[PDB]
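J.: Protein chains in written order, with PDB author numbering: chain P, 148 to 440; chain U, 52 to 254; chain O, 6 to 393. Ideal Cβ positions, reconstructed from N, Cα and C, are used throughout, including at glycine. Dumping the structure here so I can ask a few things about it.
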């Protein structure tokens, strides 16, 4: 490891554990697999590390002794997912660190763990599953004893409009200056990803709110030019979040959900019923006023 | 079951009611069926009173629920229900009004058991004027239903006049209800209407 | 006896406040303790700012606690500790009385057959939370408050006094944090449930009216501007100079006149750093108020942006934001055609309905009443043969 034969050393420990499991303790088989996983990050074979993790389960961390190992495992799985750039997964491993009995009780120890969650949850694509996860976070009071994390997360739990050159500037001397969020190295190339998140969140808002809008107007909002804006709507119609139709000459982009004849009329039946309940209760309070005066 | 109650003619604030009587009545009826407990007291109407508020508070001792005041009208007025129902509830209000005891209307419905309903059907044999049966009968209901609404709306119009010139009280519950009517009002000449015509051709 | 302790307070006060103490002692001798309650009340109104109030009451707890009315004693104790500048001391007295009832109602309830000590207990708990809000341990105060709130709603019929004190603690918390919105609703309950035998002074009340007006101006979901002006508190105080201009800001929003608003703001934003750090909230509010007003009063519910642009003195870029915000906050709901250039609103939030609006509401109703009646004659006419 110290030598240049670091690369040979990874292949050695790795091959071994396929056959061997011995008459070893629980604590030792896991101890060897954690070691093996690290080596394969260093060697740069991330796929090998993926194979390695699944031999032990997460039914072998229920015991309090194995918490030091539970934590080391949950930390490792993060570095793996970070390389393949799937942030949904990263946050969920970190969520379980926070849910650790050890981590939770100590003041100092919840602070970075929670902070780290917030950054990778937002960076995940914005879908239906995203919705329920970022609002669980929002409800916690640990987060409200901080203000730095709270300002970023708050933006995507509302369904307001927001614009990239503004969001970029706000957090530039806060969290772009904290590494393992934005502005690190690999994280310098994730500051560039933050752009996509803002747009894809905006399109949710805009579809619901505008039933019809000009495209020429749309490219301002998202802070894009025409080429970018069409691509991002097309992908997003396929994903199932929104349903839309986009016109290529440079006319109008209509966001809509299909509504049949029968459906529109059903709403119109319910209006009518509800109006007649309104009028009956009104007659009762008039009768009632005669008693008052 | 009846309680002996003698109600005065000099005032409405003066009444005799036997507390000792109520328990004896309850324990005998407990023997019959033991799912019966005090849930209020009936007034024979004809109309609501504010001396009933003081009586409500007395029945609140017995109850483990909030007393139902069931104005059972004995005058059979109106073609609809002869029951309006109310429960005494406590509120503050936006006016500057403290600790108010006041009665909020409850919608009235009727249900009957299987044995009870078929008792009615044995007694009566009438076809009713509010039934929705054959072509003729529904033709009658349709005209009757419409004229029903017409009567209630006309009252509202003359009630509005009576706030604003004859100084009846202004109340946010009454105004608030009318706002809702206007906001959820249907509209024609919309694409909703064009579709209604199309549905109309199919029928 | 008590005469000797009492004498010291009599020396220090005014000569004209000297006779008042002699009457308190006159009743004590005679053993009329209803009459002593009444006599005690008087001193407290015009001199709770004295430390003589404090003294007086301490001697009274010791020699009277089942003698004068129980309720009068605990109400005094709320007043007393507002006058004590010591908090450590405050905690000590609250806990002595609280402990004293627990043993006492075992004997007390059975022997008389009645008189509940749990009414005192709530009045006591209110003052403990109040003390932690004045020491500015805000985590502690809040958590006693959630527990207390569960407890009040359990008790079936709440005396106005208890719930009044609760609502005071709730007000004090929310303007320290400067959540304008949370404060507004809680103070509407405070002004309502207000006790007839005063304990919230005129002086206190005028600063509360002010606090409310600031909250309404700088908020973002307050549009009940008129209700405050129709409430006795403000009906009566419109006659003092520092209570001209503040209200004029609130009324500028109600009628939505931007000419009046821009000029007053120039002056007062300079004066008051609260309007200045919350400037952005303040600028938004007139334009939102305007949006919701125009749809509601009109029988149409589609408006061209041109009309909206002219009213709010905005470009088309900002009508589009304003409309979007109304939808987020939930003050209007609707959809936007930027291709027809309309905003078709489809729902309006119910709000306060004033003299002018009732007339507008009323006319709409006459038209539909007459419409059914005309229509009904034809339906009488047609299908004459059968009405069976």
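(1) Within 9 Å of any Cβ in chain U, is that where the Cβ of residue 284 of chain O sits?
(2) Report the residue from O/99, O/316, O/236 and O/282 whose alpha carbon sits nearest the alpha carbon of residue 297 of chain O.
(3) Run the CB neighbour count on residue 91 of chain U, radius 10 Å, all protein chains shown included, and call it buried at 16 or more, exposed below.
(4) Under 8 Å Cβ-Cβ, which residues of chain P neighbour residue 156 of chain U?
(5) Output needed in chain order: residues of the stretch 99 to 127 of chain U with a Cβ under 7 Å from some Cβ in chain O.
(6) Among P/259, P/263 and P/257, which has the Cα closest to the Cα of residue 239 of chain P?
(7) Spatial neighbours of residue 143 of chain U within its chain, please: CB distance less than 8 Å, with the 5 preceding and 5 following residues excluded, ordered by chain position.
(8) Would residue 234 of chain U pass as an interface residue toward chain O - the criterion being a Cβ-Cβ separation below 9 Å?
(9) Within its chain, find whatever has a CB closer than 7 Å to the CB of residue 428 of chain O; leave out the 5 residues flanking it on each side and keep chain order.
(10) Quick check: residue 74 of chain O and residue 38 of chain O, are their CB atoms within less than 9 Å of each other?
(11) Excluding the 5 residues preceding and the 5 following residue 294 of chain O in the sequence, name in chain order all residues of the same chain whose CB lies nearer than 7 Å to its CB.
(12) Have a look at residue 171 of chain P and residue 165 of chain P and give me their C-alpha separation to the nearest angstrom.
(13) So residue 397 of chain P packs on residue 354 of chain P, CB below 8 Å; how close in whole Å?
(14) Consider the Cβ of residue 346 of chain P: report whether some Cβ of chain O lies at a distance smaller than 9 Å.
(15) Check whether the stretch 355 to 366 of chain O touches the stretch 362 to 375 of chain P, counting contact only when three or more Cβ pairs, one atom from each stretch, lie closer than 8 Å.
(16) Applying the criterion that 16 or more other CB atoms from any shown protein chain within 10 Å of the CB defines a buried residue, is residue 277 of chain P buried or exposed?
(17) Across the stretch 408 to 423 of chain P and the stretch 126 to 135 of chain U, are there enough close Cβ pairs to call them in contact, namely three or more that are closer than 8 Å?
(18) Provide the residue span of the beta strand (DSSP E) that contains residue 339 of chain O, from first to last.
(19) 9 Å is my cut-off, CB to CB: does residue 210 of chain U come that close to chain P?
(20) Which same chain residues, not among the five before or five after residue 247 of chain P, have their C-beta less than 6 Å away from its C-beta?
(21) Can you give me the C-alpha to C-alpha distance between residue 341 of chain O and residue 229 of chain U, rounded to a whole angstrom?
(22) Along the beta strand (DSSP E) that carries residue 91 of chain U, what are the first and last residues, could you check?
(23) Going by DSSP in three states, residue 92 of chain O sits in which element: helix, strand or coil?
(24) Kindly indicate if chain P contains any beta-carbon less than 9 Å away from that of residue 140 of chain U.
(25) Does the count of Cβ pairs from the stretch 222 to 236 of chain U and the stretch 419 to 426 of chain P closer than 8 Å reach three?
(26) DSSP beta-bridge partners for residue 138 of chain U?
(27) For residue 223 of chain O, which of helix, strand or coil comes out of DSSP?
(28) Do the CB positions of residue 327 of chain P and residue 271 of chain P come within less than 9 Å of each other?
(29) Whose CA, out of P/363, P/218 and P/167, lies closest to the CA of residue 322 of chain O?
(30) What in chain U is Cβ-close to residue 363 of chain O, meaning under 8 Å?
(31) So which residues of chain O does residue 472 of chain P contact, with C-beta pairs closer than 8 Å?
(32) Once you ignore the five residues that flank residue 23 of chain O on each side, which residues in its own chain have a CB closer than 7 Å to its CB?
(33) Got a sec? Which residues, its chain only, sit under 7 Å from residue 338 of chain O by beta carbon, not counting five neighbours each side?
(34) Assuming contact is defined by CB atoms lying nearer than 9 Å, are residue 217 of chain O and residue 254 of chain O in contact in what I supplied?
(35) Is it buried or exposed, residue 168 of chain P, if we count other Cβ atoms within 10 angstroms and call 16 or more buried?
(36) What span of residues does the beta strand (DSSP E) with residue 359 of chain P cover, start to end?
T.: Once the coordinates are examined:
(1) No, because no Cβ of chain U sits closer than 9 Å to the Cβ of residue 284 of chain O.
(2) Considering only alpha carbons, the answer is O/316.
(3) By the Cβ neighbour-count rule, residue 91 of chain U is buried, with 16 or more other Cβ atoms within 10 Å of its own.
(4) Neighbours of residue 156 of chain U across chain P, judged by C-beta separation under 8 Å: 428, 431, 432 and 435.
(5) Within the stretch 99 to 127 of chain U, no residue has a Cβ that lies closer than 7 Å to any Cβ of chain O.
(6) Minimum Cα distance to residue 239 of chain P is reached at P/263.
(7) Once the five neighbours on either side are set aside, the close Cβ partners of residue 143 of chain U are 149, 150 and 151.
(8) Chain O contact via Cβ: present.
(9) Residue 428 of chain O cannot be examined here, being either before or after the span of chain O that is shown, 6 to 393.
(10) The answer is yes: Cβ separation under 9 Å.
(11) Here the set comprises 228, 258 and 261.
(12) Distance between the alpha carbons of residue 171 of chain P and residue 165 of chain P is about 14 Å.
(13) Their Cβ separation, rounded to whole angstroms, is 20 Å, which puts residue 397 of chain P and residue 354 of chain P out of contact at 8 Å.
(14) No, because no Cβ of chain O sits closer than 9 Å to the Cβ of residue 346 of chain P.
(15) Of all C-beta pairs linking the stretch 355 to 366 of chain O to the stretch 362 to 375 of chain P, fewer than three are shorter than 8 Å, placing the two stretches out of contact.
(16) Residue 277 of chain P is buried by the Cβ-count criterion.
(17) At 8 Å Cβ cutoff, the stretches do not touch.
(18) From DSSP, the beta strand (DSSP E) with residue 339 of chain O extends over 337 to 342.
(19) Residue 210 of chain U counts as touching chain P.
(20) The same chain holds no residue with a CB closer than 6 Å to that of residue 247 of chain P once the five nearest residues on each side in sequence are set aside.
(21) When rounded, the distance between both Cα atoms is 26 Å.
(22) Boundaries of the beta strand (DSSP E) harbouring residue 91 of chain U: 91 to 94, taken from the DSSP string.
(23) The answer is coil: DSSP assigns residue 92 of chain O none of H, G, I, E or B.
(24) Cβ-Cβ to chain P under 9 Å: no for residue 140 of chain U.
(25) The stretch 222 to 236 of chain U makes contact with the stretch 419 to 426 of chain P, as at least three CB pairs between them are under 8 Å.
(26) Partner(s): U/119 and U/155.
(27) Looking at residue 223 of chain O - three-state DSSP - the assignment turns out to be coil, as it is neither helix nor strand.
(28) Inclusion of residue 327 of chain P and residue 271 of chain P in the CB contact set at 9 Å is not warranted, their separation being larger than that value.
(29) Checked all of P/363, P/218 and P/167; the closest Cα to residue 322 of chain O is P/363.
(30) Residues of chain U whose Cβ lies closer than 8 Å to the Cβ of residue 363 of chain O are, in chain order, 211, 214, 215 and 226.
(31) Nothing about residue 472 of chain P can be read from this structure; chain P reaches only from 148 to 440.
(32) If the five residues before and after residue 23 of chain O are omitted, its C-beta is found closer than 7 Å to the C-beta atoms of 15, all from its own chain and listed in chain order.
(33) Once the five neighbours on either side are set aside, the close Cβ partners of residue 338 of chain O are 332, 351 and 352.
(34) Cβ distance not < 9 Å, so residue 217 of chain O and residue 254 of chain O don't count as in contact.
(35) So residue 168 of chain P ends up on the exposed side.
(36) Here the beta strand (DSSP E) through residue 359 of chain P covers 357 to 361.
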